[PDB]
Structure formats: structure tokens, C-alpha cells
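Okay, here we've got a single chain as C-alpha cells, the form deposited without its partner chain, with questions on binding and movement later.
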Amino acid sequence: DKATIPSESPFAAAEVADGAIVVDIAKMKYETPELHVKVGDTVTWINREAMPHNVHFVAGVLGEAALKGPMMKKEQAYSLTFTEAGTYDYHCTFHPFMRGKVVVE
């Protein structure tokens, strides 16, 4: 697969790492919908609002099957570590019109 998962479950936003690369979720949008990172970087999404959200990569994008992230409540976080260059689109399972991408250089 093209990413690894440091926290299977959502975790508290207060425990986001050291200078972490963060994508905030608010107002039904990923706030940084075109994020550029490098191979080896970890991206952390943080839901800033009451409406639950997740991140969802369709089958084939990060592995043979879809990567459906866990439901994230307000001030919950979820991370993925990208190990291969490429562009990886995602959406919110609950709200598929909400889209973003990670561009890994």
C-alpha cells in the first residue's frame, strides 16, 4: 500500500504531533484541499466542527481496496503517512461532494 496509519482510530486534536502537517475540516470543506507534501510525510486531518467527517480514498488509490477513514467528531484527528510519490484524491464518505487531494513529491 501507499500509506501507513499511525492511529487506527480518531485521536484527540490536543495530541497532534510536533509541527505536524495539518488539514483542518470546517464549513463542510477540507480547508487545504490541494496539499503538497514530500515522500515520507504524515498528514493529519482535524475536524473543527460538530458535523462528523472522515477521509476516504477509493479502491486502487492507496491500496487494492478503498481506505475509508474512521468517523471524526469535533476536535478529533486522523493521520496518514505517504510513502510513494503521486497524487491521491479523497472525499468525505458522509459528504462526497467534499473533496481534497494530497500531492506527494
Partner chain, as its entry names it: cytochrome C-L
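Positions refer to the first chain, counted from 1.
Just going by the entry, 90-98 versus 19-27 on mean CA temperature factor gives the higher value to 19-27. Highest CA B-factor among 61, 43, 50, 46, as stated in the entry: 50. The deposited CA B-factor of residue 38 belongs to the highest third of values across its chain.
Annotation for residue 77: C-alpha temperature factor in the lowest third relative to the rest of the modelled chain, per the entry. For residue 65, the recorded CA temperature factor ranks within the highest third of the chain's modelled residues.
Beyond what is shown, the protein has a form deposited with its partner chain bound; the following relates to that form.
Looking at residue 39, you'd find every heavy atom of it more than 4.5 angstroms from its partner chain in the deposited complex. Contact annotation for residue 26: at least one heavy atom lies within 4.5 Å of its partner chain in the deposited complex. Though the partner is left out of this view, residue 35 does reach within 4.5 Å of its partner chain in the deposited complex, counting heavy atoms only.
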